[PDB]
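Start at 1 with the first residue, then count along the sequence. Ligands are counted one by one from 1 in listed order, and the atoms in each one are counted from 1 as well. No hydrogens, no waters, no symmetry mates; every other heavy atom, side chains included, goes into these values.
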Amino acid sequence: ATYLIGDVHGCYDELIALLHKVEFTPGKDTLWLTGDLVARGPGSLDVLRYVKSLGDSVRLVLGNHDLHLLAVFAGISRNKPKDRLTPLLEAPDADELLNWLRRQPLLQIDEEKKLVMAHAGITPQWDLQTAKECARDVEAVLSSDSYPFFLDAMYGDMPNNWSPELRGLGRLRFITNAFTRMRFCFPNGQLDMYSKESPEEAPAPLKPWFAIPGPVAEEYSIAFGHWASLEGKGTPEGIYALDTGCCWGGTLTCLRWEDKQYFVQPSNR
Ligand SMILES: [Mn+2]
Ligand SMILES: [Mn+2]
C-alpha cells in the first residue's frame with residue numbers, strides 16, 4: 001500500500017501511532033512524507049532517525065523548516081528556542097542525520113500513479129519538465145560540499161515571477177520559494193510571500209496556487225503539506241492538502257492512495 005502523511009514537525013509519537021493504525025509494513029508499503037519533519041514538536045531527533053532508517057520505503061520531499069534546520073546546523077542561521085531543535089543539533093549522530101537530510105529530494109513523481117509531491121505544491125507557472133529541472137538544480141546545490149553558501153543564498157522573497165531567463169541567485173531563490181514556501185498567487189501566477197491565512201481570509205486578489213489552472217495539475221494529482229491554515233480543506237479534485245496542523249494541536253493525516261482512504265491521529269499537544 002502507499003501512504004502519504006503531512007507535516008510531522010517533530011511529532012514522533014503521533015507519527016508512529018498513525019503508522020501503527022494502518023499497519024505500515026516496510027517492504028510491503030511505501031510512505032510519502034510532505035516534509036517539515038522537524039521543529040516545534042518535541043521529537044525532531046527521533047523523527048529524523050526513524051525516517052532515515054526507512055530507506056527505499058520512504059519518499060520524502062524537503063520543506064522550509066527542514067532547510068532552516070540545515071541552515072542552523074551549517075552556522076548560516078540562528079537557532080530559535082521555539083523550534084526545539086537543540087536535542088537534534090547536539091546529538092552524536094547529527095552529522096550523519098543532517099548530511100542524509102540535505103541529500104533528499106524537493107520533488108517526488110510516480111508516473112504509474114500519475115502522482116506528484118512537493119512540500120508547498122507546484123506553482124502554476126511550471127510545467128513538469130521545468131519543475132523537474134528546478135528540483136534537480138537545487139538538489140544539486142544542497143547535496144554539494146558547498147551547501148552552506150546556497151543555504152545563505154536561498155533567503156529572500158524576490159523574484160516572485162518565474163521566467164526561463166532567470167539566472168543565478170534570483171533563480172535559486174524563486175525555485176526554493178516555489179517548492180517550500182508557496183501558498184497564494186496573484187492572478188498571473190506570481191507568488192505572494194506574505195499571506196499565510198486560509199483562502200477565505202486572504203486579501204483580494206490573492207488565490208491559492210491550486211486555484212490557478214496549471215499544466216502539471218491538469219495531468220497529475222498533486223499532494224503537498226506546508227499550508228496548515230488551509231486545514232486540509234477546500235481543494236479541487238486531484239489536489240491533496242495533507243498538512244492538518246499536528247504540531248499546532250490539530251491532527252496528523254495519512255492518506256492511502258489505493259482507495260483514497262484517510263486515517264487521522266489526534267495531536268497529543
Ligand atoms: Mn509545516
Ligand atoms: Mn512548511
Kindly compute the distance separating OG1 (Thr34) from CG (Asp7), expressed to the nearest 0.5 Å. 4.0 Å
What distance do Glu96 atom CD and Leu101 atom CG have between them, rounded to the nearest 0.5 Å? 12.5 Å
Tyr220 six-ring face occupied by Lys114 cation (under 6.0 Å, within 45°): yes
Protein N, O or S within less than 2.8 Å of the Mn ion (ligand 2), waters excluded: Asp36 OD2, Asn64 OD1, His119 NE2, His226 ND1
In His9, which N, O or S atom comes closest to the Mn ion (ligand 1)? NE2
NZ of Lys82: more than 12 outside heavy atoms within 6.0 angstrom? no
Knowing that exactly one of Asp66, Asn64, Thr180 qualifies, which makes a side-chain hydrogen bond (donor to acceptor under 3.5 Å, both in side chains) with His119? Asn64
Name the orientation class of the two ring planes belonging to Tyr147 and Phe73 (parallel below 30°, tilted from 30 to 60°, perpendicular beyond 60°). parallel
